[PDB]
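Residues per chain are reported as follows:
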Amino acid sequence: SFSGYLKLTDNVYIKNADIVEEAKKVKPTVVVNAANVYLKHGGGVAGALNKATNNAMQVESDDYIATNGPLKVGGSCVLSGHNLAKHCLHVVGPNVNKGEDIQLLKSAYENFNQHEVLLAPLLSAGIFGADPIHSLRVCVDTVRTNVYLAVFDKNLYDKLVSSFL
Ligand SMILES: O=C(O)Cn1ccc(Br)cc1=O
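Residues numbered from 1 in each chain as written, not as in the entry; some residues may be left out. Heavy atoms only, no water.

### Brief notes about the site of the ligand
- Contacts to the ligand come from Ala125, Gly126, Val151, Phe152, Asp153 and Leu156.
- Here an oxygen atom of the ligand and a backbone polar atom of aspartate 153 are 2.9 Å apart.
- Coverage of the ligand by the protein amounts to 61% of the 340 Å² it exposes when considered alone.
- Under a 2 Å grid-point criterion requiring more than half of the atoms, the pocket assigned to the ligand is the largest pocket.
- Residues that form the shell around the ligand fall into these classes: four nonpolar, one polar and one charged. (Near = heavy atom within 4 Å. Polar contact = N/O pair within 3.5 Å; in protein donor to acceptor, adjacent residues only side chain to side chain. Areas by Shrake-Rupley, 256 points an atom, 1.4 Å probe, with all protein chains shown as cover. 1 Å grid on protein atoms, 1.4 Å probe; cavity = no way out; pocket = protein on both sides within 12 Å on 5 of 7 lines; lining within 4 Å. Sits in = over half its atoms within 2 Å of the grid points. Nonpolar A, V, L, I, M, F, W, Y, C, P; charged D, E, K, R; others polar.)

Pasting the structure below:
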């Protein structure tokens with residue numbers, strides 16, 4: 001199971017970890033991907049998860065987009081977790097760098113409530129441009145299911161823990 005996590009609330013846990021390495025170790029039922037609406041897994045968490053699947057996540061995602069069209073910002077889809085998890089929940093948080101609406105971050109986190117337990121990154125953090133402290137606050141105030149947050153950057157992990165209200 002999940003180990004070495006710091007408990008933030010009744011249902012939110014956090015660890016300084018590479019989510020790919022965490023997924024390979026725990027083999028969770030659900031790993032959350034920081035997806036974009038096109039499921040183009042180029043960089044950040046998406047690029048790293050996709051590379052760990054030997055591009056199988058991207059091939060599967062391109063078939064999903066060909067059939068269904070793009071996701072909405074704030075939306076999600078459930079696809080295979082390949083060698084990382086039973087399922088991958090591709091969640092689209094708003095990308096501030098692309099001028100997307102930051103109020104959609106709460107809608108993005110609501111997707112986590114459809115899964116009892118998840119391994120996840122902070123939505124809209126990193127290359128998505130949002131304030132990670134604000135993302136963690138929205139996470140704790142929105143997600144009611146068991147979420148295990150993997151924060152890649154040590155300095156950010158330390159700041160998130162020390163500033164947590
Ligand atoms: O650490 C993360 O999980 C995401 N991330 C990565 C690197 C930096 Br710097 C900021 C940030 O939000």
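Now, onward.
### Some thoughts on the layout of surface pockets
- Of the voids in this model, the largest pocket is the one considered here, and its volume is about 440 Å³.
- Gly44, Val45, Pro121, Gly126 and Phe152 are, among the 20 residues lining the largest pocket, the residues nearest its centre.
- With four residues, the top contributor of residues to the lining of the largest pocket is helix α2 (residues 44–52). (Points joined across faces, edges and corners; volume = space filled by probe spheres on them. Helix = DSSP H or I, 4+ residues; strand = E, 2+ residues; numbered from the N terminus.)

### Some thoughts on the nonpolar core
- Membership of the largest hydrophobic core comes to 26 residues, with the highest contact counts inside it found for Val32, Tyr109, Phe112, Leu122, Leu123, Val147 and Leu149.
- With 18 residues, the next largest nonpolar core counts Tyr13, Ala17, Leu119 and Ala150 among its residues. (Core = buried A, V, L, I, M, F, W, Y, C linked by side-chain atoms within 4.5 Å. Buried < 20%, exposed > 50% of the residue type's maximum accessible area, 1.4 Å probe, protein only.)

### Overview of the side chain of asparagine 113
- Its location among the elements puts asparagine 113 in the loop between α4 (104–110) and β6 (117–120).
- A polar contact of 3.1 Å, which involves the side chain of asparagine 113, links it to the backbone oxygen of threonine 142.
- Here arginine 144 takes part through its backbone nitrogen, which lies 2.7 Å from a polar atom of the side chain of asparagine 113.
- Not counting residues up to four positions away in its chain, the partners in contact with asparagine 113 are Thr142, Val143, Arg144 and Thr145. (Contact = heavy atoms within 4.5 Å.)

### Re the packing of helix α1 (residues 19–26) against α2
- Packing of α1 against α2 brings their axes to within 9 Å, and their N-to-C directions diverge by 40 degrees. With respect to each other, α1 and α2 are oriented oblique. Contact residues: α1 offers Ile19, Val20 and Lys24, while α2 offers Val45, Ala48, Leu49 and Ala52.
- Its residues assigned to classes, the contact of α1 with α2 shows six nonpolar, no polar and one charged. (Axes fitted to C-alpha atoms, helices over the stretch in contact; angles between N-to-C directions. Parallel < 35°, antiparallel > 145°, perpendicular 65-115°, else oblique.)

### Some words on the packing of helix α5 (residues 132–142) against helix α6 (residues 154–163)
- Between α5 and α6, whose axes approach to 10 Å, the crossing angle comes to 55 degrees. Between α5 and α6, the crossing angle belongs to the class labelled oblique. Where α5 crosses over α6, the handedness of that crossing is right-handed. Mapping the contact onto sequence places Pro132, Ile133 and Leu136 in α5 and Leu156, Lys159, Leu160 and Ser163 in α6.
- Of the residues belonging to the contact of α5 with α6, the class tally is five nonpolar, one polar and one charged. (Left-handed = near helix turned anticlockwise from the far one by under 90°.)

Any functional reading would require information that these geometric values do not contain.
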